[PDB]
Amino acid sequence: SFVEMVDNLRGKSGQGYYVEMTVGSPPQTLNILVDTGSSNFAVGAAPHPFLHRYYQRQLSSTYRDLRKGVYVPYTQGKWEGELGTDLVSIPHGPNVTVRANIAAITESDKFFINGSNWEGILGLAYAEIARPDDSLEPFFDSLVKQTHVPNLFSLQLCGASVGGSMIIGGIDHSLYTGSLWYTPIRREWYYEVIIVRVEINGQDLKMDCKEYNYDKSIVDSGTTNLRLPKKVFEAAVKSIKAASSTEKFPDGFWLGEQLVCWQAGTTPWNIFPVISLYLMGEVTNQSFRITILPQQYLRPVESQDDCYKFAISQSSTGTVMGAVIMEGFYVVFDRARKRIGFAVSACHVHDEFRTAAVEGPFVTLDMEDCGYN
Ligand SMILES: CC(C)[C@H](NC(=O)[C@H](C)C[C@H](O)[C@H](COCc1cc(F)cc(F)c1)NC(=O)c1cc(C(=O)N[C@H](C)c2ccccc2)cc(N(C)S(C)(=O)=O)c1)C(=O)NCc1ccccc1
């Protein structure tokens, strides 16, 4: 039932959203980072200074060794480990047990985060980007094939320490407002989508829309920032720079390298532009927009000052719509229908005079031109 899953995510601010799970017999309780940018289910199986518990394969009567090794690199860190299957369930999720692939993590490099409170990762993207190859069934596929849980999940990530909901197997209407707008998943590997226009405070950025998806645009609950290709990152920074030139910033701030602060309660939100991403819609020549507030891309970092880090950053692997984008929104991963839906969420962040928004329809000729091949 849906209400039982509402508020099943937690997290320390800047440190990820995790859901509670159990692996084994008898069940061992672990916190798992919820990650739509990858496809491997993996937990700490070995003492690590940043970890407070870990999976112990020898305490489980249902563990099965797979006698195959694995390694998974992310933008920001990596780990290797030993594959195997075991029984798994989600306390605050659907009321089932499945046998799934689990990577037992034995060494890692900049992957676990100090004091984050999660010991593992749930990659919810598709088989094709699974390691070591697409034959390792991802958790969610196993979940669907072995139960009657419909092939769909939704994420409401609340920022504003950090909380939210993962509704597994449907949509809870009491968590968003207005209507859901859908964008096709272009290809089932990452959650790849096509961005057809970008505006900053109502001004078209006027780049060739191939640039917005060079070389892909993905939706990713595992990455903090809105990450943009070099060309797009530079046009954006130049605009945001010019809209808030009223104020004083060391330019390593623009690079995410230092903070800016303000006498508490005086942050000048008004000089930071709203950003609109226009996504491919579901019908010919049709798109829609989602608009984020500066409260989403200036993240409060923990004096009686308010300090913020700039959370838009460069990438050479295409656009990443990370938690900065997703925290405004109720995001539906309709795998069954190959689409991703957005609505303003209930826990939306609050400007005095401006609102995070999902709006349509819009006309956009030549949307197919926008995909990079
Ligand atoms: C297996 C495959 C699908 C893999 N997937 C990915 O890399 C996707 C895009 C990234 C994942 O979402 C991956 C999974 O998240 C786990 C993680 C947490 C870490 F602290 C460190 C890590 F290394 C990893 N996330 C990140 O790489 C990542 C995490 C963070 C980050 O801070 N994440 C935390 C947990 C967080 C905080 C708040 C909200 C959500 C998440 C930040 C970044 N940035 C780059 S940034 C500064 O925001 O621009 C990236 C991939 O594509 N690899 C390609 C590759 C190969 C070799 C080398 C580099 C890249």
Side-chain angles (χ1 to χ4, degrees), residues 6-7 9-11 13-17 34-37 153-167 171-183 191 193 195-202 212 217-228 236 240 243 267 269-270 272-281 287-300 308-313 319-334 339-360 362:
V6 176
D7 292 332
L9 308 177
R10 282 153 75 215
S13 171
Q15 304 188 331
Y17 292 80
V34 164
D35 178 40
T36 63
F153 69 87
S154 37
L155 294 170
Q156 178 200 37
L157 306 179
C158 308
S161 260
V162 117
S165 315
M166 194 179 163
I167 316 302
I171 297 176
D172 186 321
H173 307 280
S174 83
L175 294 184
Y176 68 93
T177 54
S179 42
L180 269 165
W181 291 85
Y182 287 99
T183 196
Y191 292 105
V193 303
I195 293 175
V196 300
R197 177 189 306 163
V198 180
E199 302 185 320
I200 286 148
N201 267 349
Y212 304 133
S217 288
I218 73 151
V219 178
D220 180 7
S221 61
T223 282
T224 305
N225 290 4
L226 163 55
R227 300 191 67 241
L228 300 169
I240 311 177
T267 313
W269 292 113
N270 71 290
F272 291 104
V274 306
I275 317 213
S276 283
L277 306 186
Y278 287 66
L279 302 172
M280 192 183 272
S287 61
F288 70 90
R289 72 189 187 194
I290 62 181
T291 293
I292 68 160
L293 296 183
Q295 287 88 348
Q296 297 158 70
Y297 63 85
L298 284 196
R299 298 179 108 250
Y308 298 100
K309 179 188 133 183
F310 187 56
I312 302 170
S313 39
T319 295
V320 178
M321 284 159 75
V324 156
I325 298 298
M326 287 180 75
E327 280 165 13
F329 304 111
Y330 182 67
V331 182
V332 182
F333 296 76
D334 187 356
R339 51 184 202 167
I340 298 180
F342 288 88
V344 15
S345 47
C347 66
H348 68 157
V349 238
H350 254 68
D351 201 84
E352 63 136 59
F353 78 97
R354 278 178 310 181
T355 313
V358 184
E359 297 181 306
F362 282 83

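Numbering of residues begins at 1 and proceeds along the displayed sequence.
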With rounding to the nearest 0.5 Å, note down the distance linking [atom1] in [X] to [atom2] in [Y].
{"X": "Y297", "Y": "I325", "atom1": "OH", "atom2": "CD1", "result": "10.5 Å"}
{"X": "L293", "Y": "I275", "atom1": "CG", "atom2": "CD1", "result": "10.5 Å"}
{"X": "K309", "Y": "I312", "atom1": "NZ", "atom2": "CD1", "result": "12.0 Å"}
{"X": "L157", "Y": "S345", "atom1": "CG", "atom2": "OG", "result": "8.5 Å"}

side-chain hydrogen bond (donor to acceptor under 3.5 Å, both in side chains) partners for [X], two or more places apart:
{"X": "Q15", "answer": "none"}
{"X": "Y176", "answer": "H173"}
{"X": "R197", "answer": "none"}
{"X": "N270", "answer": "none"}

Taking the side chain as everything from C-beta on, heavy atoms only, tell me whether [X] gets closer than 4.5 Å to [Y].
{"X": "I195", "Y": "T183", "value": "no"}
{"X": "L279", "Y": "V196", "value": "no"}
{"X": "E199", "Y": "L277", "value": "no"}
{"X": "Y330", "Y": "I167", "value": "yes"}
{"X": "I292", "Y": "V274", "value": "no"}
{"X": "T223", "Y": "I218", "value": "no"}
{"X": "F329", "Y": "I290", "value": "yes"}

Heavy atoms only: give me the nearest [X]-[Y] pair and the separation to one decimal.
{"X": "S13", "Y": "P300", "answer": "OG-O, 4.4 Å"}
{"X": "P273", "Y": "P294", "answer": "O-CD, 4.0 Å"}
{"X": "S276", "Y": "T291", "answer": "OG-OG1, 2.7 Å"}

Could you name each residue pair satisfying salt bridge (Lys or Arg N to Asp or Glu O under 4.0 Å) that touches residues 319-330, not counting sequence neighbours? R299-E327

side-chain contact (heavy atoms from CB on, under 4.5 Å) partners of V162, counting only residues at least two apart: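 For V162, the residues satisfying side-chain contact (heavy atoms from CB on, under 4.5 Å) (neighbours in sequence not counted) are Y17.
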
Could you pull out all residues at least two apart from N225 that satisfy side-chain contact (heavy atoms from CB on, under 4.5 Å)? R227, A311, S313

Kindly write out the residues that satisfy ring-ring contact (aromatic ring centres under 6.0 Å, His included) with [X], not counting sequence neighbours, or none if the list is empty.
{"X": "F272", "value": "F249"}
{"X": "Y308", "value": "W269"}
{"X": "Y212", "value": "none"}

Fit a plane to each ring of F333 and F153, take the angle between them on a 0 to 90° scale, and name the class: parallel (under 30°), tilted (30 to 60°) or perpendicular (over 60°).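 Taking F153 first and then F333, their aromatic rings lie parallel (interplane angle under 30°).
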
Which is it for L180 and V358 under the side chain to side chain contact (heavy atoms under 4.5 Å, CB included) test, yes or no, and what are the steps along the way? CA-CA 8 Å; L180 269 165; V358 184; over 6 Å; no

Dump the intermediate steps for side chain to side chain contact (heavy atoms under 4.5 Å, CB included) on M326 and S221, then the final yes or no. CA-CA 7 Å; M326 287 180 75; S221 61; 3.9 Å; yes

Centroid separation under 6.0 Å, is that true for the rings of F362 and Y278? yes

Which residues pass the salt bridge (charged side-chain N to carboxylate O under 4.0 Å, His left out) test with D334, sequence neighbours left out? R339

Results of salt bridge (charged side-chain N to carboxylate O under 4.0 Å, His left out) for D351 - residues two or more places apart only: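 Testing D351 for salt bridge (charged side-chain N to carboxylate O under 4.0 Å, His left out), a comparison that skips the adjacent residues, returns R354.
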
Is the backbone N or O of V219 less than 3.5 Å from a side-chain atom of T36, with the two atoms forming a donor-acceptor pair by type? yes

Between the side chain of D220 and the main-chain N/O of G322, is any donor-acceptor distance below 3.5 Å?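 Between the backbone of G322 and the side chain of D220 there is no qualifying donor-acceptor contact (under 3.5 Å).
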
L155 vs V34, side chain to side chain contact (heavy atoms under 4.5 Å, CB included): CA-CA, chis, key distance, verdict: CA-CA 9 Å; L155 294 170; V34 164; 4.0 Å; yes

Among side-chain atoms of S165 and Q156, is any donor-acceptor pair under 3.5 angstrom?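 Note: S165 and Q156 side chains meet the donor-acceptor criterion.
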
Quick one: do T177 and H348 satisfy side chain to side chain contact (heavy atoms under 4.5 Å, CB included)? Show the steps, please. CA-CA 10 Å; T177 54; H348 68 157; over 6 Å; no

